Amino acid sequence: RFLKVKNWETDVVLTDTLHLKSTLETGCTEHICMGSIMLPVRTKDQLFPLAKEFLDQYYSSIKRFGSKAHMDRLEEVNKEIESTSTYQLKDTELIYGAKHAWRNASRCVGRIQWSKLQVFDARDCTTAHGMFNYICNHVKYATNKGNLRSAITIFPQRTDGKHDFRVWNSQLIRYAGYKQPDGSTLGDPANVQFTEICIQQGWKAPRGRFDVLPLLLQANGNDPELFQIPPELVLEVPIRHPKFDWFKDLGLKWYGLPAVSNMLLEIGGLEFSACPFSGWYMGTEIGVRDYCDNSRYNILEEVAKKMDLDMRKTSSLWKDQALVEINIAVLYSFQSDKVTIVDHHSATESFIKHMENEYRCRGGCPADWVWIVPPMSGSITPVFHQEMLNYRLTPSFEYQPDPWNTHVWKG
Amino acid sequence: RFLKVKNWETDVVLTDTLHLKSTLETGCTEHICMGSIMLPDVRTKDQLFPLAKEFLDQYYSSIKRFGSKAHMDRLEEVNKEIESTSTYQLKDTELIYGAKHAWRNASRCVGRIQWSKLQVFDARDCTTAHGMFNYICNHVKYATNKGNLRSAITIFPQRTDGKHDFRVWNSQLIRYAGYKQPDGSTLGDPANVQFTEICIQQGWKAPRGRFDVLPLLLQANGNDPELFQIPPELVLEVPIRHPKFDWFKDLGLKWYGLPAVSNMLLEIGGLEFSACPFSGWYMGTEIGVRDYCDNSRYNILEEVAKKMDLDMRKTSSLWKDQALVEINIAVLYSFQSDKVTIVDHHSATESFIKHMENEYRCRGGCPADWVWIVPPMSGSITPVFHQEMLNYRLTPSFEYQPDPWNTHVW
Ligand code: HEM
Ligand code: HEM
Ligand SMILES: CNCc1cc(C#N)cc(CCc2ccc3c(C)cc(N)nc3c2)c1
Ligand SMILES: CNCc1cc(C#N)cc(CCc2ccc3c(C)cc(N)nc3c2)c1
Ligand SMILES: C[C@H](O)[C@H](O)[C@H]1CNc2nc(N)[nH]c(=O)c2N1
Ligand SMILES: C[C@H](O)[C@H](O)[C@H]1CNc2nc(N)[nH]c(=O)c2N1
Ligand SMILES: [Zn+2]
């Protein structure tokens, strides 16, 4: 069964066959769509089918499907599974797995770059300190003095679920958030809870509006430990506006490296619970969400005020006006400092080209419209008029509960 | 299976049970979500009756006479007429209920907080295009109300054998013409290029201006459709000017005040109203973001930004964005100045969240298509963006239907 998607701007129609190779479920049914819902201990019983499926994919990709190399590997993995209840990936497989996980990430507008991922194998890691070291090197390598590089670092796979490696931070680099007694928040409101945990674990908070948080690292199921990323590793960009001289005085800055660390990499049934990955920012991530979202730095008011906008009725679109300027300034600041950033126009255009290419060479490209469309100026980007099929392919990045809700504390 | 929806800006969590009353299909499966797909032979006597019963069961529930004398009788009454006439007719009250609830159930509509204040015009006695023209003129005049817009739907006779369909061939009652130019591109309104042709190709004399109000093309009882010109005094238009940029009026833009959609099919109790033009009032972005700035439309961003002397060299200056905002500031300012009803995308989305909360509270849910509820600009700074929404199809409903010229036994 074949499926068509249409771009209503350009009348380009594409045909998806890839969706047939889909395994996992969407949350949707015939009678309900959960397409806008944010979120919708594994035995050998179901592991080898997952392994075989991955290995079949892998050897297809290297044009060795059915080869003796393919069959022995299957045999080898089989034997290792029933013998050890799990199995290990070769380096080639791990790299393939991680790259395809990204490629399969249907909510990611950035997947044009997916084949150019730097994979760091941290599967020999055994301690938090070792994790800290691997992560430091990730950051230094990925940051590259502002010339950002995609990278992922992969810590040991889950075994019995009782010896998990986890990075407790949601991102490697993020600013603290402090609930004040008067109800106001100092720093990033998105990070208040994690900040508290860190503090409780013994972090000494400078309590400034832009304190880089400590890494909280958990190895082999042990209680997590605190580490401070060396500040010379944390590339930061002061935020100024090209026409508005008063913008710098808003005292804003942001870090250059977006590196997500709370997700789970699944490859051939194996679960990599600590697998931090990084790329570079689309400007709107910082400029729309990180600053202007009501539950974040929320500087919309202050910028509006300083622009002397009509902030009385909303129909003055003062919010819209400030939002643009703030995103103008974010892009301006980063480019001025030669730190890699992409604007939402460029990123969405690239994605459409990626997607079309993917339909031609791969038979489809799973995509989550709700997430792919930029959080501002949606319809003047070409993804807005792009119909998209959303389905779940493995290898995949998955969500997982915050470790502090599941962790058993040693003490 | 009593699903929850979270608002992530507010942690408000609503419980949805209404979805279990759903009947029709979404297009999705557990293997693939189609929620971004634009759109995924009459009724036999057999499948028509449960359809009627389902609708009548809701109706009498809503008037708290479920399982009552009145209910049972009417149920029996409709049942008899179906078996006999192979169809049936709605009581006026059921018609009104049906239409209002088709709007209530329209999961893509952000304006549904107003749903129960719909003015319903029963045009089921209509027999000719001239008749349709008259009913449509009265609709347009009533809805416009000198700029104090009012919601209305006018309902023409229900489908019979599919050979006698009532159809308004226009997509909206009021839309500007679109002309293919020898120079290459398009004058007027590009979305309406083919229709503007069909009109001419059916005998219309185009003024070939940029804002030529299209003629009505009405089809009664499945006959050759007919051209009618809407009296200009009934077509309220707003000249578009900017509150701070006096050069903006020189762009020579205007829009019409009445959004009135005329190509959809209203389904009630299994009956199919293929002609049922309905209208409300605009959210500002519908004109400013979409009608002006979409590339397959007026596409005026470029020249607007030029007059703003913005750096259009690289996309990263966000000149498109900047212009887009000014254009939309202008539209609102213009309409508001001329006392024509209009809502900004902040106001409408806020309204919708309240409406959502209301529907979960008094009805147990509210079907919603996030892809369509989120405005085409400033998405994440409107409240709907962080609002999880469940999408499912309830009846009565508005549905799509083929463009008539692809079907019509001419
Ligand atoms: C290199 C440039 C990249 C850009 C510009 C980019 C951009 C984005 C954006 C804007 C989102 C939406 C999230 C949000 O707005 O909150 C997203 C989602 C995502 N990205 Fe990318 N990304 C990049 C690289 C990567 C890399 C290297 C990986 C993994 C190795 C990745 C994996 C993902 C995943 C798994 C999601 C889904 C998030 C979720 O499900 O919650 N991305 N990306
Ligand atoms: C009164 C103020 C109203 C406002 C502000 C409003 C707003 C909107 C908007 C913004 C859309 C999205 C379409 C787009 O942006 O391209 C929409 C869709 C829709 N509206 Fe409403 N609307 C209103 C009244 C009504 C009324 C009176 C009806 C019918 C009785 C109605 C039925 C619908 C339907 C069926 C759709 C989706 C049609 C489809 O699936 O394509 N609306 N509306
Ligand atoms: C404003 N939304 C905040 C947010 C929420 C979730 C969730 N759930 C997940 C994320 C992270 C999604 C993500 C993951 C990876 C990214 C990479 C590698 C690069 C980039 N520029 N953005 C990303 C964005 C953010
Ligand atoms: C430019 N948006 C694309 C679009 C496509 C189709 C189709 N096919 C149909 C529609 C109609 C959507 C609609 C329907 C009714 C509306 C009413 C009654 C009021 C209003 N302000 N907007 C509407 C908008 C839109
Ligand atoms: C391809 C995509 O689904 C299509 O462009 C939809 C997206 N969301 C929309 N949302 C609204 N309000 N109006 C639209 O026309 C559309 N078009
Ligand atoms: C409810 C909704 O799914 C949620 O707010 C999503 C919507 N789309 C998004 N899109 C992006 N890029 N990032 C997000 O965080 C979200 N949040
Ligand atoms: Zn779906």
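Residues numbered from 1 in each chain as written, not as in the entry; some residues may be left out. Chains lettered and ligands numbered in written order. Heavy atoms only, no water.

- Structure determination for this entry is recorded as X-ray crystallography, at 2.044 Å resolution.

- Looking at the PDB entry, one finds chain B named Nitric oxide synthase, brain, with Rattus norvegicus as its source organism.
- The record deposited in the PDB is entitled "Structure of rat neuronal nitric oxide synthase heme domain in complex with 3-[2-(2-amino-4-methylquinolin-7-yl)ethyl]-5-((methylamino)methyl)benzonitrile".

- Under the PDB entry, chain A has the name Nitric oxide synthase, brain and belongs to Rattus norvegicus.

Thoughts on the domain arrangement of chain B
All names here are of chain B.
Here is step 1: With domains assigned, chain B is organised as domain 1 (16-124 + 151-161 + 265-279 + 349-373), domain 2 (125-150 + 165-236 + 400-404) and domain 3 (237-259 + 282-347).
Here is step 2: Using C-alpha coordinates to define each centre, domain 1 is positioned 27 Å away from domain 2.
Here is step 3: Contact with domain 1, which involves 22 residues of that partner, is made by 17 residues of domain 2.
Here is step 4: Summed over both sides, the interface between domain 1 and domain 2 buries roughly 1,600 Å², with carbon and sulfur atoms accounting for 59% of that surface.
Here is step 5: At the junction of domain 1 with domain 2, the criterion picks out one salt bridge.
Here is step 6: The salt bridge partner of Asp165 is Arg159, with a shortest N-O separation of 2.6 Å.
Here is step 7: Run the count over domain 1 and domain 2 and you get twelve residue pairs in polar contact.
Here is step 8: If you list the elements that add at least two residues to the side of domain 1 that touches domain 2, you get strand 3 (119-122), strand 4 (152-155) and strand 15 (278-279).
Here is step 9: Split into classes, the residues belonging to the side of domain 1 that touches domain 2 amount to 13 nonpolar, five polar and four charged. (Domains from an automatic or database assignment. Contact = heavy atoms within 4.5 Å. Buried area = accessible area lost by both parts, 1.4 Å probe. Salt bridge = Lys/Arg side-chain N within 4 Å of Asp/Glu carboxyl O. Polar contact = N/O pair within 3.5 Å; in protein donor to acceptor, adjacent residues only side chain to side chain. Helix = DSSP H or I, 4+ residues; strand = E, 2+ residues; numbered from the N terminus. Nonpolar A, V, L, I, M, F, W, Y, C, P; charged D, E, K, R; others polar.)

As for the coordination of the iron atom of ligand 2
Here is step 1: Among protein residues, the single donor to the iron atom of ligand 2 is B:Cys109 (SG), with a metal-donor distance of 2.4 Å.
Here is step 2: Here B:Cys109 lies in the loop between helix 3 (92-104) and strand 3. (Donors = N, O, S within 2.8 Å, 3.2 Å for Na, K, Ca; no water.)

Some thoughts on the site of ligand 1
Residue and element names in this part refer to chain A.
Here is step 1: As a structural note, the neighbourhood of ligand 1 is formed by 16 residues, with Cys108, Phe277, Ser278, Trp280 and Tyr399 the closest of them.
Here is step 2: For ligand 1, a nitrogen atom lies 3.4 Å from a polar atom in the side chain of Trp102.
Here is step 3: For the shell around ligand 1, the per-class residue count stands at eleven nonpolar, three polar and two charged. (Near = heavy atom within 4 Å.)

Some thoughts on the coordination of the iron atom of ligand 1
Here is step 1: In this structure the iron atom of ligand 1 is ligated by exactly one protein donor, A:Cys108 (SG), at 2.3 Å.
Here is step 2: Mapped onto the fold, A:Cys108 is located in the loop between helix 3 (91-103) and strand 3 (118-121).

Examining the state of the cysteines
Residues and elements named next belong to chain A.
Here is step 1: Inspection of the entire model under this criterion finds zero disulfides over all chains.
Here is step 2: The structure places no disulfide on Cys198, whose sulfur is separated from the nearest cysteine sulfur, that of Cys136, by 15 Å.
Here is step 3: On the basis of relative accessible area, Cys198 is assigned to the buried category, the value being 0%. (Disulfide = S-S within 2.5 Å. Buried < 20%, exposed > 50% of the residue type's maximum accessible area, 1.4 Å probe, protein only.)

Side note on the packing of aromatic side chains
Here is step 1: Applying the stated criterion across every chain, the model contains 44 aromatic pairs over all chains.
Here is step 2: Arranged with centres 5.2 Å apart and planes meeting at 5 degrees, the rings of A:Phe210 and A:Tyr297 form a pair that is stacked. Highlighted residues: A:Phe210 in the loop between helix 5 (192-200) and strand 8 (215-218) and A:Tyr297 in the loop between helix 6 (283-292) and helix 7 (300-306), separated in sequence by 87 residues.
Here is step 3: Among the aromatic residues, those joined into a cluster by ring pairs are A:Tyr175, A:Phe210, A:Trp254, A:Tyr255, A:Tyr281, A:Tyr291 and A:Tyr297.
Here is step 4: One cation-aromatic arrangement involves A:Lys6 over A:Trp8; the distance from NZ or CZ to the ring centre is 3.9 Å.
Here is step 5: One cation-aromatic arrangement involves B:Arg150 over B:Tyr142; the distance from NZ or CZ to the ring centre is 3.8 Å. (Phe/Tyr/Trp six-rings, centres within 6.5 Å; stacked < 30°, edge-to-face > 60°. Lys NZ or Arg CZ within 6 Å of the ring centre and 35° of its normal.)

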